[PDB]
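Contents: one structure, followed by commentary.
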Amino acid sequence: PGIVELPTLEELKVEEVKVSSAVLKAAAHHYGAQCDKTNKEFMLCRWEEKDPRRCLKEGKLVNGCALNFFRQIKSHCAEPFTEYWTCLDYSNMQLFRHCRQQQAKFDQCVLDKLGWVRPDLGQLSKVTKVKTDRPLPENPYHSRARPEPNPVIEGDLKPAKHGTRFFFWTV
Amino acid sequence: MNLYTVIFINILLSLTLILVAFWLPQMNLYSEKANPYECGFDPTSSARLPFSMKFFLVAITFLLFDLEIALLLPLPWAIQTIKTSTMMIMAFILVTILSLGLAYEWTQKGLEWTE
Amino acid sequence: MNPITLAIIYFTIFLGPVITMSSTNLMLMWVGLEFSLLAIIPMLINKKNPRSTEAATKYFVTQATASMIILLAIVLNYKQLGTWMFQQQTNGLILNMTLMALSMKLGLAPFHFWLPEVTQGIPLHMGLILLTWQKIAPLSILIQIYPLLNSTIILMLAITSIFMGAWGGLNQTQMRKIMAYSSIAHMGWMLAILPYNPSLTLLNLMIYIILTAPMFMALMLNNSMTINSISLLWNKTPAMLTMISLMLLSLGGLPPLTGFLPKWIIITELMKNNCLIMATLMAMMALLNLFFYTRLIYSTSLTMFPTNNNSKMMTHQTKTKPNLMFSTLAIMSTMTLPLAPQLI
Amino acid sequence: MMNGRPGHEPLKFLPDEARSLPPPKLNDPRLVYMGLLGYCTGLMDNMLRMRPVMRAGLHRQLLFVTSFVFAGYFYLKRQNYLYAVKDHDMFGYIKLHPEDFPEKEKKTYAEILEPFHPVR
Amino acid sequence: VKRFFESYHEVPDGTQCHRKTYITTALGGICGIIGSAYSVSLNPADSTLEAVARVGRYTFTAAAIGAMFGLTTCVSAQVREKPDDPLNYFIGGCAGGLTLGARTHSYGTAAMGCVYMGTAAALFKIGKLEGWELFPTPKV
Amino acid sequence: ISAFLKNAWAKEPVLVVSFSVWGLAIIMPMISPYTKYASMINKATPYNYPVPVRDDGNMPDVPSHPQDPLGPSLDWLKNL
Amino acid sequence: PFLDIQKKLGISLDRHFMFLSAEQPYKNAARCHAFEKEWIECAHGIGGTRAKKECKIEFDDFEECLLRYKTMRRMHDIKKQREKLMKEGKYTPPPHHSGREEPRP
Amino acid sequence: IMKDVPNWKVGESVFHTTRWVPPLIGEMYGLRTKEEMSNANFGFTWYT
Amino acid sequence: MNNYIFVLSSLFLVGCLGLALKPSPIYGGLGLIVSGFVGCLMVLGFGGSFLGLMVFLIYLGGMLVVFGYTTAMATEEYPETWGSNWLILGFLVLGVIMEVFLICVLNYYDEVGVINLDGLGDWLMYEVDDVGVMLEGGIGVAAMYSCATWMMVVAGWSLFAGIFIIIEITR
Amino acid sequence: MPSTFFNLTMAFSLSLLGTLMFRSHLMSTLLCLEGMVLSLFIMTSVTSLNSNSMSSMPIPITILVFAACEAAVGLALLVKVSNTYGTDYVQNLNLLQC
């Protein structure tokens with residue numbers, strides 16, 4: 001009965017990354033440290049509010065921070081990073097282990113410039129306690145009011161009136 | 001569709017090969033060459049008669065052990081669970097139960113054939 | 001059978017229904033029914049004769065189809081609602097197919113043709129278990145879903161079971177078939193009321209078990225399987241005719257014995273819902289159920305038949321077979337009507 | 001039907017609310033009837049096994065009597081509790097739904113004209 | 001269609017005699033087909049031809065039963081104008097029993113079926129009139 | 001019984017190996033210290049997203065960032 | 001159940017995978033999780049006869065999520081009208097549905 | 001398309017509730033071509 | 001390739017129909033094998049590999065024993081193929097034709113709701129998780145070893161006790 | 001999906017029709033039972049994969065387990081039937097009526 005609301009085309013028109021998957025797997029560990037605040041805000045909204053239509057702007061901020069990130073990587077440390085992801089994209093499951101020497105070049109570049117340290121083994125696999133000006137969503141799931149249960153008979157129970165009302169048994 | 005294609009290719013190879021085997025050669029058919037072998041002499045009866053099988057109990061328990069395989073086979077995924085103690089105990093119990101059943105059959109001479 | 005095997009098999013028989021009760025998943029329910037199925041066949045086929053092979057094959061082949069139909073009902077419910085429980089707002093076809101298969105499992109008419117055959121093909125024990133303990137889980141299914149059953153075929157099947165059990169037991173000289181048709185009739189009385197206060201279904205079940213078990217023991221004490229064999233009981237063990245008489249007259253429900261309580265209270269709760277003429281028909285064919293019991297107890301207790309010369313050897317020797325529970329179960333039947341309000 | 005009653009304990013023979021009911025007398029006609037059933041059970045046991053009667057198994061007979069009474073006491077207590085619960089819930093429902101069970105007010109035989117049916 | 005058989009009560013007896021007549025005939029035919037399927041599955045014939053003959057005999061017999069029943073009911077309700085009277089259904093049941101004992105050569109079957117079917121049809125009318133709901137829904 | 005096992009190691013050594021390996025499989029998990037790191041490693045694997053948490057203002061031990069000091073340091077998995 | 005031995009002892013042998021919104025092995029939601037949760041949370045405390053008509057909206061939404069019949073009807077109607085119009089020559093499908101779009105990322 | 005049929009809301013729902021119900025591969029990719037429909041299904045199931 | 005699943009389902013129906021006509025257990029086992037193959041293929045079409053492979057394996061290992069038995073017990077001089085009986089051949093042809101006519105009928109009395117010839121292949125998979133890992137069939141079955149360990153014990157008891165049952169029935 | 005569920009249910013019904021309507025042999029009946037099992041398996045598996053209910057995926061393996069045990073004991077009974085009568089036919093099993 002109720003119409004679905006949806007955003008317009010221009011409420012989704014966005015400057016996209018246009019960037020592939022090995023180029024992106026290479027810079028994953030640095031994109032998880034830098035550009036973590038926006039990403040975690042977007043995640044919290046997307047899971048707290050179960051609607052995409054209520055978080056487009058956080059997604060747009062995510063895309064913006066990613067673009068700024070790769071702009072830093074382009075204006076600084078483009079050749080070693082190029083070599084890294086080019087050698088990474090050769091594999092079939094895109095394994096870091098086969099390209100372990102170009103990591104060194106990329107990391108030393110991105111460390112001597114901008115001081116970006118690679119996260120260690122299990123730092124991107126844990127909860128991270130974001131804040132925001134947003135409020136809590138009151139009643140997600142758009143739940144209706146619950147019907148009231150049937151009341152309990154309050155009383156100290158007594159013997160049955162005249163025992164069993166069965167047919168002719170007295171007691 | 002790659003796999004479907006490989007299998008169709010093998011299928012058509014086999015069928016083209018049989019077509020060649022049948023329609024390329026020469027034929028001289030007659031009843032004395034098309035009747036069953038039985039080593040020079042003629043059969044005394046049909047081959048579509050009972051062949052008593054003397055390992056039928058072994059067949060049925062093979063079926064049950066096949067099911068045991070089907071139960072054991074999820075283990076590579078069961079090992080990446082967080083518990084790693086319940087699965088251990090339960091797999092231990094399953095294998096030990098199967099071994100106990102095998103031992104009972106063995107001792108009761110079920111693996112021996114019905115002479 | 002060696003003891004390890006008996007332990008395994010009787011544990012399985014006990015655990016089939018026990019799994020069936022203490023399970024909310026219908027699929028583990030099915031599992032319990034299949035344990036009851038699997039574990040019964042060894043002891044049905046233990047004496048290794050053609051009669052036993054036929055009985056076991058008929059039992060197996062009739063129960064497998066019912067099991068598959070129940071599994072179909074369960075899978076259709078899972079498709080419909082994404083759960084493993086017959087809720088309300090299920091399909092009446094699913095529920096009715098479940099009812100049909102459960103009736104085939106119990107032995108109700110018109111699915112009754114296998115029970116007397118199978119029962120004749122097996123010893124007195126394995127008739128007791130088959131008629132008492134195997135009936136308890138299939139009934140548990142219906143008891144757990146009683147407000148979902150259609151109140152029409154539930155009663156047509158009951159009425160058919162009543163009529164056909166009465167008419168079949170009218171002419172059976174074999175006792176192992178009399179017990180079967182009695183089972184059919186009593187399951188009819190149960191299933192008729194099952195949508196109406198299913199506590200009474202369990203009442204009739206307990207009464208029926210308490211009556212049949214000692215009767216089977218009575219048949220066991222001399223391996224009596226025929227009217228002519230039970231008639232040679234005024235010579236062999238004549239202290240049992242009193243209890244046999246009162247137990248038969250409780251089975252065919254006569255008032256002063258507690259076997260009239262289930263029929264009486266069933267008629268009560270059926271007249272409380274304007275199910276009048278059905279109850280009338282049932283109560284009027286229970287009389288024919290009583291007639292062949294009366295014929296039997298004439299034959300064994302009131303009009304002592306001819307005996308043989310070789311039956312004096314039995315009088316020379318002594319016995320040990322009455323398990324001390326025959327007495328308790330025969331006396332708690334036939335004499336517990338004044339305690340009926342505590343039973344209900 | 002009382003299985004879905006709120007607070008219903010699963011497989012509880014005698015909840016703590018039943019301890020507020022008065023117990024039986026221990027001289028109840030039905031408990032002595034159960035003792036009589038136990039005595040007749042022992043007598044029948046002796047009759048079946050070709051034994052003397054009222055003379056043979058006095059320990060067995062005593063045990064039968066005591067088992068029957070010691071079971072009937074608790075079973076009767078449970079049944080008293082269940083019938084108490086029935087009356088309790090019935091009273092509660094009529095008290096919660098008086099519109100369905102109105103305060104009826106009947107008439108006398110002076111105002112109603114019941115019809116006469118001679119015999120003749 | 002249930003409405004077909006519910007057309008038997010759109011109007012009282014004595015009216016629409018042919019309608020009610022061959023309705024009851026159809027009903028008898030259905031019941032005869034059931035009985036025939038059971039007598040052909042259990043205790044089967046020595047040949048498919050005799051099985052077909054069994055079906056035909058049973059079905060035509062029950063059809064004749066229902067036809068005589070409906071004819072007699074609506075006639076004895078048109079005559080002696082009294083729809084709310086189970087004696088019409090009694091006379092119809094007796095006519096049915098007579099046709100049973102005619103198709104099946106037996107006077108004793110005729111009398112037995114007359115009494116039983118007549119009483120059954122009388123009770124049927126009495127229940128349709130007073131509101132006896134067999135297979136009732138649970139109320140307590 | 002030592003003589004019995006001496007006989008069984010010659011005649012039927014296949015079942016001796018079998019029972020030995022069965023008992024060893026059952027007993028050795030009880031013995032090792034490495035037995036407990038298995039569940040911990042299976043737990044450490046993040047197959048699903050760690051969903052962030054709202055800052056109530058009362059979450060000290062919870063970190064504000066991936067590479068903060070707090071949280072489970074997975075260096076026990078390194079240099080195990 | 002018949003004999004609530006599980007509730008007696010607090011164990012859950014089978015009463016924890018009774019439906020879809022119930023502890024999938026790793027936390028992957030089954031479809032209609034929300035609908036079934038909402039239906040079940042409405043039908044709690046109530047039993048049966050009252051839940052079947054006080055919690056009907058939520059069951060109907062669940063039934064449409066799982067069996068999903070009305071959306072089939074809707075898309076079938078849209079497709080049928082589109083085929084009629086294209087046969088008459090009235091409709092002109094766009095590039096982003098004939099197979100020629102600008103992919104978004 | 002359905003500008004002309006008598007009673008048809010174009011963005012109507014099939015649910016009484018108002019919350020976000022994520023679509024499925026047939027509503028989405030419904031009006032699209034058969035290749036997209038046959039790659040949604042049978043795309044991963046039939047390996048690259 | 002949109003009618004793929006419907007073709008597979010129809011083939012399975014025909015396999016089980018030729019089964020239900022009951023030729024000798026040799027061709028019945030052939031039908032079981034073909035139908036299990038088709039079942040595996042559709043279970044894969046719906047996104048399940050393990051369950052289909054295991055149906056295939058179990059039914060193959062079972063029909064092996066059926067061959068071993070039916071050579072001994074359910075054998076005749078003339079094993080009664082489908083063509084052996086004109087009546088069986090007629091009912092088979094009639095069953096194919098009847099199911100075709102039935103499908104064409106129920107595609108008319110209901111536009112859609114039971115069968116959709118028009119939209120076919122459009123309703124198979126129903127909300128896949130387009131981004132995922134550790135999601136296949138096999139995790140759910142491996143839950144028999146954790147979170148559903150009663151299925152495992154009850155199945156194991158069935159097999160164990162079945163061994164004893166076998167020995168006793170055969171003795 | 002609704003198409004294939006309809007077809008699978010019709011397949012179950014065909015195999016049920018089969019195992020009900022007997023012929024001479026019994027092995028064919030057991031095979032019809034196996035076919036019913038298989039159709040039920042595929043129904044359960046497809047519902048579980050559609051709904052993404054990986055909690056119910058242990059159900060079809062249980063179906064196969066118990067159905068194979070059923071087949072096992074049926075085949076053992078068949079061994080006994082052949083040892084008695086010799087030829088597997090279900091018409092020779094007609095002596096409990098008397």
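Within each chain, counting starts at residue 1; across the structure tokens, chains are named A, B, ... in the order shown, with ligands numbered 1 upward in that order.
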
| task | For residue 9 of chain C, work out the shell of residues within 9 Å, counting only C-alpha atoms and skipping chain neighbours fewer than 6 positions away, then give it as a VMD selection string. | result | (chain C and resid 39 to 40 42 to 43) or (chain I and resid 161 164 to 165)

Could you give me, as a Markdown table, every chain D residue with an atom at most 10 Å from chain G, plus its closest atom pair and distance in Å to one decimal, counting only C-alpha atoms, rows ordered by chain then number?
| residue | atom | partner | partner_atom | distance |
| --- | --- | --- | --- | --- |
| D:4 | CA | G:47 | CA | 8.1 |
| D:6 | CA | G:45 | CA | 8.7 |
| D:9 | CA | G:8 | CA | 8.3 |
| D:10 | CA | G:4 | CA | 6.0 |
| D:11 | CA | G:8 | CA | 7.0 |
| D:12 | CA | G:8 | CA | 8.9 |

| Which polymer residues have any atom within 8 Å of an atom of residue 20 of chain H, counting only C-alpha atoms, with same-chain residues fewer than 2 positions away left out, as a PyMOL selection string? | (chain A and resi 50-52) or (chain H and resi 18+22)

Could you turn the residues from that selection into a file that holds N, CA, C and O atoms, as a JSON list (two decimals), in the first residue's frame?
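As written to disk, out-v7.json reads:
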[["chain", "number", "residue", "atom", "x", "y", "z"],
["A", 50, "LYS", "N", 19.22, 0.49, 9.42],
["A", 50, "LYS", "CA", 19.21, -0.61, 8.47],
["A", 50, "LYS", "C", 18.78, -0.19, 7.07],
["A", 50, "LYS", "O", 18.36, -1.04, 6.28],
["A", 51, "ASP", "N", 18.89, 1.09, 6.75],
["A", 51, "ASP", "CA", 18.45, 1.65, 5.49],
["A", 51, "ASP", "C", 19.65, 2.25, 4.76],
["A", 51, "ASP", "O", 20.40, 3.03, 5.36],
["A", 52, "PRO", "N", 19.88, 1.91, 3.48],
["A", 52, "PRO", "CA", 20.83, 2.70, 2.70],
["A", 52, "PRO", "C", 20.38, 4.12, 2.48],
["A", 52, "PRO", "O", 21.21, 5.03, 2.47],
["H", 18, "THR", "N", 7.17, -0.30, 6.77],
["H", 18, "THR", "CA", 7.77, 0.85, 6.12],
["H", 18, "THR", "C", 9.29, 0.77, 6.05],
["H", 18, "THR", "O", 9.90, 1.57, 5.34],
["H", 22, "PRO", "N", 15.56, -5.09, 1.57],
["H", 22, "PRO", "CA", 16.48, -5.06, 0.45],
["H", 22, "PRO", "C", 15.93, -5.85, -0.72],
["H", 22, "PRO", "O", 15.25, -6.87, -0.53]]

| For the atom pair atom CA of residue 124 of chain A and atom CA of residue 66 of chain F, what is the interatomic distance in Å to one decimal place? |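 Calculated distance between atom CA of residue 124 of chain A and atom CA of residue 66 of chain F is 5.2 Å.
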
Hey, what's within 12 Å of segment 86-96 of chain A if we count only C-alpha atoms and toss same-chain stuff fewer than 6 positions away? As a PDB file with N, CA, C and O atoms, in the first residue's frame, please?
ATOM      1  N   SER A  20      41.070  -0.373  -9.575  1.00  0.00           N
ATOM      2  CA  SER A  20      40.915  -1.816  -9.669  1.00  0.00           C
ATOM      3  C   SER A  20      41.129  -2.448  -8.297  1.00  0.00           C
ATOM      4  O   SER A  20      41.128  -1.768  -7.269  1.00  0.00           O
ATOM      5  N   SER A  21      41.300  -3.771  -8.263  1.00  0.00           N
ATOM      6  CA  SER A  21      41.257  -4.538  -7.024  1.00  0.00           C
ATOM      7  C   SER A  21      42.623  -4.884  -6.455  1.00  0.00           C
ATOM      8  O   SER A  21      42.737  -5.072  -5.243  1.00  0.00           O
ATOM      9  N   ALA A  22      43.658  -4.986  -7.285  1.00  0.00           N
ATOM     10  CA  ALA A  22      44.997  -5.271  -6.783  1.00  0.00           C
ATOM     11  C   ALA A  22      45.689  -3.999  -6.319  1.00  0.00           C
ATOM     12  O   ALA A  22      46.327  -3.977  -5.261  1.00  0.00           O
ATOM     13  N   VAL A  23      45.549  -2.931  -7.103  1.00  0.00           N
ATOM     14  CA  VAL A  23      45.866  -1.570  -6.672  1.00  0.00           C
ATOM     15  C   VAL A  23      45.254  -1.240  -5.323  1.00  0.00           C
ATOM     16  O   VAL A  23      45.793  -0.424  -4.566  1.00  0.00           O
ATOM     17  N   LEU A  24      44.121  -1.843  -5.011  1.00  0.00           N
ATOM     18  CA  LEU A  24      43.362  -1.556  -3.813  1.00  0.00           C
ATOM     19  C   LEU A  24      43.723  -2.508  -2.676  1.00  0.00           C
ATOM     20  O   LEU A  24      43.834  -2.085  -1.521  1.00  0.00           O
ATOM     21  N   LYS A  25      43.956  -3.783  -2.992  1.00  0.00           N
ATOM     22  CA  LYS A  25      44.470  -4.720  -2.001  1.00  0.00           C
ATOM     23  C   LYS A  25      45.846  -4.311  -1.512  1.00  0.00           C
ATOM     24  O   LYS A  25      46.207  -4.588  -0.364  1.00  0.00           O
ATOM     25  N   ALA A  26      46.633  -3.661  -2.366  1.00  0.00           N
ATOM     26  CA  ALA A  26      47.966  -3.245  -1.962  1.00  0.00           C
ATOM     27  C   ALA A  26      47.904  -2.158  -0.904  1.00  0.00           C
ATOM     28  O   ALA A  26      48.640  -2.204   0.087  1.00  0.00           O
ATOM     29  N   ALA A  27      47.032  -1.180  -1.097  1.00  0.00           N
ATOM     30  CA  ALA A  27      46.891  -0.056  -0.193  1.00  0.00           C
ATOM     31  C   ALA A  27      45.827  -0.271   0.872  1.00  0.00           C
ATOM     32  O   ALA A  27      45.480   0.681   1.575  1.00  0.00           O
ATOM     33  N   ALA A  28      45.274  -1.480   0.968  1.00  0.00           N
ATOM     34  CA  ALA A  28      44.297  -1.792   2.002  1.00  0.00           C
ATOM     35  C   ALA A  28      44.798  -1.466   3.402  1.00  0.00           C
ATOM     36  O   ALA A  28      44.094  -0.831   4.196  1.00  0.00           O
ATOM     37  N   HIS A  29      46.007  -1.909   3.732  1.00  0.00           N
ATOM     38  CA  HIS A  29      46.476  -1.787   5.105  1.00  0.00           C
ATOM     39  C   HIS A  29      46.725  -0.344   5.503  1.00  0.00           C
ATOM     40  O   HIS A  29      46.684  -0.029   6.695  1.00  0.00           O
ATOM     41  N   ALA A  78      54.259   7.002  -6.149  1.00  0.00           N
ATOM     42  CA  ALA A  78      53.479   6.445  -7.246  1.00  0.00           C
ATOM     43  C   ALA A  78      54.210   5.331  -7.980  1.00  0.00           C
ATOM     44  O   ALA A  78      53.589   4.344  -8.375  1.00  0.00           O
ATOM     45  N   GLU A  79      55.525   5.463  -8.156  1.00  0.00           N
ATOM     46  CA  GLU A  79      56.280   4.438  -8.874  1.00  0.00           C
ATOM     47  C   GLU A  79      56.461   3.167  -8.052  1.00  0.00           C
ATOM     48  O   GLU A  79      56.199   2.069  -8.580  1.00  0.00           O
ATOM     49  N   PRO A  80      56.919   3.218  -6.797  1.00  0.00           N
ATOM     50  CA  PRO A  80      57.005   1.971  -6.027  1.00  0.00           C
ATOM     51  C   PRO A  80      55.658   1.317  -5.807  1.00  0.00           C
ATOM     52  O   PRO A  80      55.547   0.086  -5.858  1.00  0.00           O
ATOM     53  N   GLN A 102      58.396  -5.642  -2.778  1.00  0.00           N
ATOM     54  CA  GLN A 102      57.867  -4.359  -3.215  1.00  0.00           C
ATOM     55  C   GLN A 102      57.065  -3.677  -2.115  1.00  0.00           C
ATOM     56  O   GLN A 102      56.967  -2.440  -2.100  1.00  0.00           O
ATOM     57  N   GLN A 103      56.464  -4.467  -1.215  1.00  0.00           N
ATOM     58  CA  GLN A 103      55.964  -3.929   0.044  1.00  0.00           C
ATOM     59  C   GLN A 103      56.999  -3.041   0.704  1.00  0.00           C
ATOM     60  O   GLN A 103      56.670  -1.976   1.227  1.00  0.00           O
ATOM     61  N   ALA A 104      58.250  -3.490   0.721  1.00  0.00           N
ATOM     62  CA  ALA A 104      59.307  -2.748   1.392  1.00  0.00           C
ATOM     63  C   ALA A 104      59.496  -1.375   0.770  1.00  0.00           C
ATOM     64  O   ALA A 104      59.555  -0.366   1.478  1.00  0.00           O
TER      65      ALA A 104
ATOM     66  N   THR H  48      34.635 -18.518 -13.179  1.00  0.00           N
ATOM     67  CA  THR H  48      35.250 -17.724 -14.235  1.00  0.00           C
ATOM     68  C   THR H  48      36.052 -18.569 -15.232  1.00  0.00           C
ATOM     69  O   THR H  48      35.525 -19.032 -16.246  1.00  0.00           O
TER      70      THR H  48
END

| query | Leaving out residue 63 of chain D and any residue of its chain fewer than 3 positions from it, which residues lie within 12 Å of it when counting only C-alpha atoms, given as a VMD selection string? | reply | chain D and resid 35 38 to 39 41 to 42 57 to 60 66 to 71

Create the file for the chosen residues now, containing N, CA, C and O atoms and written as a CSV table (one decimal), in the first residue's frame.
chain,number,residue,atom,x,y,z
D,35,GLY,N,-5.5,-49.2,49.7
D,35,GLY,CA,-4.9,-50.3,50.5
D,35,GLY,C,-5.6,-51.6,50.3
D,35,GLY,O,-5.0,-52.7,50.3
D,38,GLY,N,-4.5,-53.1,47.2
D,38,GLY,CA,-3.2,-53.7,47.4
D,38,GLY,C,-3.3,-55.1,48.1
D,38,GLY,O,-2.6,-56.0,47.7
D,39,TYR,N,-4.2,-55.2,49.1
D,39,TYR,CA,-4.4,-56.4,49.7
D,39,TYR,C,-5.0,-57.5,48.7
D,39,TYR,O,-4.5,-58.6,48.7
D,41,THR,N,-4.5,-57.4,45.6
D,41,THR,CA,-3.4,-57.7,44.7
D,41,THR,C,-2.5,-58.8,45.2
D,41,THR,O,-2.2,-59.7,44.5
D,42,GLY,N,-2.2,-58.7,46.5
D,42,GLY,CA,-1.4,-59.7,47.1
D,42,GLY,C,-2.1,-61.1,47.1
D,42,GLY,O,-1.6,-62.1,46.8
D,57,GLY,N,2.2,-64.6,52.2
D,57,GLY,CA,3.1,-63.6,51.8
D,57,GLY,C,3.0,-62.3,52.6
D,57,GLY,O,3.0,-61.2,51.9
D,58,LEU,N,2.8,-62.4,53.9
D,58,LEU,CA,2.5,-61.2,54.7
D,58,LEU,C,3.4,-60.0,54.5
D,58,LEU,O,3.0,-58.9,54.6
D,59,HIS,N,4.7,-60.3,54.2
D,59,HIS,CA,5.6,-59.2,53.8
D,59,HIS,C,5.2,-58.6,52.5
D,59,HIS,O,5.2,-57.4,52.3
D,60,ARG,N,4.9,-59.5,51.5
D,60,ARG,CA,4.5,-59.0,50.2
D,60,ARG,C,3.2,-58.2,50.3
D,60,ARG,O,3.0,-57.2,49.6
D,66,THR,N,1.3,-50.7,51.4
D,66,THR,CA,2.0,-49.5,51.6
D,66,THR,C,2.4,-48.8,50.3
D,66,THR,O,2.3,-47.6,50.3
D,67,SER,N,2.7,-49.6,49.3
D,67,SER,CA,3.0,-48.9,48.0
D,67,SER,C,1.8,-48.2,47.5
D,67,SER,O,1.9,-47.1,47.0
D,68,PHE,N,0.7,-48.9,47.5
D,68,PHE,CA,-0.6,-48.3,47.0
D,68,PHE,C,-0.9,-47.0,47.8
D,68,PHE,O,-1.3,-46.0,47.1
D,69,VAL,N,-0.9,-47.1,49.1
D,69,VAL,CA,-1.2,-45.9,49.9
D,69,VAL,C,-0.2,-44.8,49.6
D,69,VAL,O,-0.6,-43.6,49.5
D,70,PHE,N,1.1,-45.1,49.7
D,70,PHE,CA,2.1,-44.1,49.5
D,70,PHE,C,2.2,-43.5,48.2
D,70,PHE,O,2.8,-42.4,48.0
D,71,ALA,N,1.6,-44.2,47.1
D,71,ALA,CA,1.5,-43.5,45.8
D,71,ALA,C,0.2,-42.7,45.8
D,71,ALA,O,0.2,-41.6,45.2

Which residues of chain E come within 10 Å of chain C, and for each one, what is the closest pair of atoms and their distance in Å to one decimal, counting only C-alpha atoms, sorted by chain and residue number, as CSV?
residue,atom,partner,partner_atom,distance
E:123,CA,C:277,CA,9.6
E:127,CA,C:277,CA,9.7
E:131,CA,C:274,CA,9.6
E:132,CA,C:274,CA,7.2
E:133,CA,C:274,CA,6.8
E:134,CA,C:275,CA,5.8
E:135,CA,C:152,CA,4.9
E:136,CA,C:275,CA,6.4
E:137,CA,C:151,CA,6.2
E:138,CA,C:273,CA,6.3
E:139,CA,C:273,CA,5.9
E:140,CA,C:273,CA,5.4

| Contacts of segment 75-79 of chain B at 6 Å (only C-alpha atoms; same-chain gap of 2+ positions) as a ChimeraX atom specification | /B:73,81 /I:139,142

| task | Find the spatial neighbours of segment 95-110 of chain D, counting only C-alpha atoms, within a cut-off of 12 Å - ignore same-chain residues fewer than 4 positions away - and output them as a PyMOL selection string. | result | (chain A and resi 150-155) or (chain D and resi 88-91+114-115)

| request: Report as a list in words the set of chain G residues whose atoms approach chain F to within 12 Å, with distances computed over only C-alpha atoms. | output: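 Listed by rising number, the hits are residues 25, 26, 27, 28 and 29 of chain G.
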
| request: From a DSSP pass on the backbone, collect the residues of chain A flagged as helix (DSSP H, G or I) and hand them back as a VMD selection string. | output: chain A and resid 22 to 26 28 to 31 37 to 48 52 to 54 57 to 75 79 to 88 96 to 98 102 to 112 140 to 142

| task | For chain H, list the residues within 8 Å of chain A, counting only C-alpha atoms, and write the list as a ChimeraX atom specification. | result | /H:9-20

| Out of C:265, C:38, C:76, C:124, which residue has the shortest atom-to-atom distance to residue 6 of chain J when counting only C-alpha atoms? |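 Among the listed residues, C:76 lies closest to residue 6 of chain J.
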
| task | Show me which bits of chain I are within 12 Å of chain C, counting only C-alpha atoms, as a PyMOL selection string. | result | chain I and resi 148+150-171

| task | Compile the residues of chain J that lie within 8 Å of chain B, evaluated using only C-alpha atoms, and express the compilation as a PyMOL selection string. | result | chain J and resi 61+64-65+68-69+72

| request: Dump as a ChimeraX atom specification the residues of chain G that approach chain H to within 12 Å, counting only C-alpha atoms. | output: /G:31-35,38,56-66,68-86,90-101

| task | Identify all chain G residues at most 6 Å from chain J by counting only C-alpha atoms; ligands do not count. Present them as a PyMOL selection string. | result | chain G and resi 20+24+30-31

| field | For atom CA of residue 66 of chain E and atom CA of residue 93 of chain E, the interatomic separation in Å (one decimal) | value |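 Atom-to-atom, atom CA of residue 66 of chain E and atom CA of residue 93 of chain E are spaced 9.1 Å apart.
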
Contacts between chain B and chain H, please, where a residue of chain H counts if it comes within 12 Å (with only C-alpha atoms); show its shortest atom pair and distance in Å to one decimal, rows by chain and ascending number, as JSON lines.
{"residue": "H:38", "atom": "CA", "partner": "B:1", "partner_atom": "CA", "distance": 11.9}
{"residue": "H:39", "atom": "CA", "partner": "B:1", "partner_atom": "CA", "distance": 11.9}
{"residue": "H:42", "atom": "CA", "partner": "B:1", "partner_atom": "CA", "distance": 9.4}
{"residue": "H:43", "atom": "CA", "partner": "B:1", "partner_atom": "CA", "distance": 10.2}
{"residue": "H:44", "atom": "CA", "partner": "B:1", "partner_atom": "CA", "distance": 11.6}
{"residue": "H:45", "atom": "CA", "partner": "B:1", "partner_atom": "CA", "distance": 10.2}
{"residue": "H:46", "atom": "CA", "partner": "B:1", "partner_atom": "CA", "distance": 6.8}
{"residue": "H:47", "atom": "CA", "partner": "B:2", "partner_atom": "CA", "distance": 8.6}
{"residue": "H:48", "atom": "CA", "partner": "B:2", "partner_atom": "CA", "distance": 9.0}
